[PDB]
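Undergrad: test case, fold it:
(one chain, ligands or ions: 2)
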Amino acid sequence: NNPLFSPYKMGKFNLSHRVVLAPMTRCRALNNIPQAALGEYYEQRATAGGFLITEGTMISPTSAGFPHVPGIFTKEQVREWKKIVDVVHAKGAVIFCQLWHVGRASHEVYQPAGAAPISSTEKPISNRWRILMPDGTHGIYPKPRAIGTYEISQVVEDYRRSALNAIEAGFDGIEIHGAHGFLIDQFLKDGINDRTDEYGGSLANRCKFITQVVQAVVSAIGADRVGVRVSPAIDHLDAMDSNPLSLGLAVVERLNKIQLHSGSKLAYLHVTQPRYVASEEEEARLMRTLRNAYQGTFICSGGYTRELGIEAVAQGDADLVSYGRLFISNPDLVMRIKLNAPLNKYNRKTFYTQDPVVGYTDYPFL
Ligand SMILES: Cc1cc2nc3c(=O)[nH]c(=O)nc-3n(C[C@H](O)[C@H](O)[C@H](O)COP(=O)(O)O)c2cc1C
Ligand SMILES: CCOC(=O)/C(=N\O)C(=O)CC
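TA: Residues are numbered from 1 along each chain as shown. Ligands and ions are numbered 1, 2, ... in the order given. There you are, the coordinates:
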């Protein structure tokens, strides 16, 4: 009896197992347009009753910090996503689109007119980190432009419109990327957010942006079609908080309150294990504390294996387990976990390259 293969009711969606495709930027969506290669890639990994989360997807022309990542802010993008969603649904899978704004984790080369990226702050990511450039070299993260509250409201509207576009494309739902030092995390983390207005200072103020984003998408598409990803403790892009557990619990409280207000539960809360990068006990403590505090479905992610995923579900630490790197190199990861079959190695060199086949769809099945 493998606990990963017991069914699970994720709100309206009846899942047949607990193995989730974690959202992974792969950079094959040339010119920000979903391509046929994405259809092949997601189709390979789809299973009947399995849940897939897409690569981060742009909500606006200013939201990108990687090359050739898809958007869902134009009608052309919606039309191409629909073809991908249809082939995934034909396999019986459930698929959510992750909505992603990078904030300050960008570069002039990724911005319209070469403008500065936006953030909560004018503080740049430090020179300890370098950004992948379209030519494969690495560049300098620039100083971002700190946005005012009118512009904050327009970014919230970008999330809302992108959620509606995702539904128009046929997605079952969306995930808010609120993790990993990206735009939402630049408001959450007190190591980044140095604002003195209503969006900074107190923990309550720092949580305002994520609350408004989640509220907007819930109001647009329904809470049961909205997942939220956060990472209160993460070593990525200078995104630290002085009190990660209290930050996490404050976010959880806002989500619990949104659910009570809306009269419905979110699809899930998705949290990255602090071990994941691009004390072992304090890390598991943080995860279980957030799970125990949240009134709903919990997806854990970051460094999971077959054994660690089985343990997480068996022990009640998570309802669903998302896998990233092993899903890159094992299109049939679900079946391999079921059979306890050996897994293929992954090649980091082709994680972010543009080839529609090599290192993308050419990892073999059993
Ligand atoms: C190539 C790659 C791209 C990723 N892109 C995203 C992304 O777009 N959005 C996101 O929330 N996480 C992203 N992550 C993190 C994954 O969703 C996931 O949490 C992580 O890979 C899980 O750890 P694992 O690889 O040990 O399974 C990415 C990870 C990898 C390896
Ligand atoms: C290390 C935490 O950050 C991530 O996992 C991530 N996006 O969220 C990427 O790596 C983008 C390619």
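Undergrad: quick check: residues of the stretch 101-250 of the chain near ligand 2?
TA: 179, 180, 236 (Cβ under 6 Å from any ligand atom). Every C-beta, even on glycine, is put in place using the N, C-alpha and C of the backbone.
Undergrad: list the contacts of the last one.
TA: Contacts were defined as Cβ atoms under 8 Å, 6 or more residues apart in numbering; by that measure residue 236 touches 180, 181, 277, 278.
Undergrad: ok, back up a step: mind checking which of the residues of the stretch 101-250 of the chain next to ligand 2 land in strands?
TA: Using DSSP state E, no member of those falls in strands.
Undergrad: just the CA coordinates of stretch 289-299, formatted as PDB?
TA: Extracted C-alpha coordinates of stretch 289-299, given in PDB (Å, rounded to 0.1, in the frame of the first residue of the first chain):
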ATOM      1  CA  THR A 289       4.000  24.200  11.500                       C
ATOM      2  CA  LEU A 290       2.700  25.800   8.300                       C
ATOM      3  CA  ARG A 291       0.800  22.700   7.300                       C
ATOM      4  CA  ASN A 292      -0.800  22.400  10.700                       C
ATOM      5  CA  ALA A 293      -1.800  26.100  10.600                       C
ATOM      6  CA  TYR A 294      -3.400  26.000   7.200                       C
ATOM      7  CA  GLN A 295      -7.100  25.000   6.700                       C
ATOM      8  CA  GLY A 296      -6.700  23.100   3.500                       C
ATOM      9  CA  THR A 297      -4.600  21.000   1.100                       C
ATOM     10  CA  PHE A 298      -0.800  21.200   1.500                       C
ATOM     11  CA  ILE A 299       1.700  20.500  -1.300                       C
END
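Undergrad: give me the phi and psi for the residue of the stretch 51-200 of the chain at minimum distance from ligand 2.
TA: For the stretch 51-200 of the chain and ligand 2, the shortest gap (Cβ to the nearest ligand atom) falls at residue 180, measuring 3.5 Å. With angles defined as degrees, to the nearest 10, residue 180 sits at phi 70, psi 30.
Undergrad: from the centroid of this structure, which residue is nearest?
TA: Nearest to the mean C-alpha position of the chain, counting by Cα atoms, centre = their mean, stands residue 177 at 4.2 Å.
Undergrad: residues in the stretch 101-250 of the chain within reach of ligand 1, list them.
TA: Counting by Cβ under 6 Å from any ligand atom, the stretch 101-250 of the chain sits next to ligand 1 at 177, 179, 229.
Undergrad: I'd assumed the first one was in a helix, is it?
TA: No: secondary structure assignment (DSSP: H, G, I helix; E, B strand; the rest coil) places residue 177 in strand, not in a helix.
Undergrad: now do it against residue 7, distance only.
TA: Counting by Cβ to Cβ, to the nearest Å, the gap from residue 177 to residue 7 is 27 Å.
Undergrad: looking at strand pairing, list the partners for the residue nearest to the residue nearest to the centre of the chain when sequence neighbours are not counted.
TA: Spatial nearest neighbour of residue 177, excluding adjacent residues (Cβ to Cβ, 6 or more residues apart in numbering): residue 100 at 4.3 Å. Beta-bridge pairing of residue 100 under DSSP bridges involves residue 58.
Undergrad: give me the number of residues near residue 100?
TA: Per other Cβ atoms under 10 Å, the neighbour tally for residue 100 reads 32.
Undergrad: can you pull the contacts of it?
TA: 56, 57, 58, 59, 63, 69, 177, 182.
Undergrad: my guess is the second one contacts residue 72, does it?
TA: The one in question is residue 57. Yes: using Cβ atoms under 8 Å, residue 57 is in contact with residue 72, at 5.0 Å.
Undergrad: shared neighbours, the two?
TA: Counting by Cβ under 8 Å, 6+ apart, the shared contacts of residue 57 and residue 72 are 97, 99, 162, 166.
Undergrad: can you redo those residues as a markdown table with neighbour count and distance to residue 357?
TA: Below are the shared contacts of residue 57 and residue 72 laid out as a markdown table (neighbours: other Cβ atoms under 10 Å; distance: Cβ to Cβ, whole Å):
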| residue | neighbour count | distance to residue 357 |
| --- | --- | --- |
| 97 | 29 | 23 |
| 99 | 28 | 27 |
| 162 | 27 | 29 |
| 166 | 30 | 27 |
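Undergrad: can I get the residues you listed in a markdown table with secondary structure?
TA: As requested, the shared contacts of residue 57 and residue 72 are arranged in a markdown table below (three-state DSSP):
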| residue | secondary structure |
| --- | --- |
| 97 | strand |
| 99 | strand |
| 162 | helix |
| 166 | helix |
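Undergrad: the closest residue to ligand 1 within the stretch 201-350 of the chain and residue 207, how far apart?
TA: For the stretch 201-350 of the chain and ligand 1, the shortest gap (Cβ to the nearest ligand atom) falls at residue 324, measuring 2.1 Å. According to Cβ to Cβ, residue 324 and residue 207 sit 27 Å apart.
Undergrad: any idea how far residue 261 is from residue 316?
TA: 27 Å.
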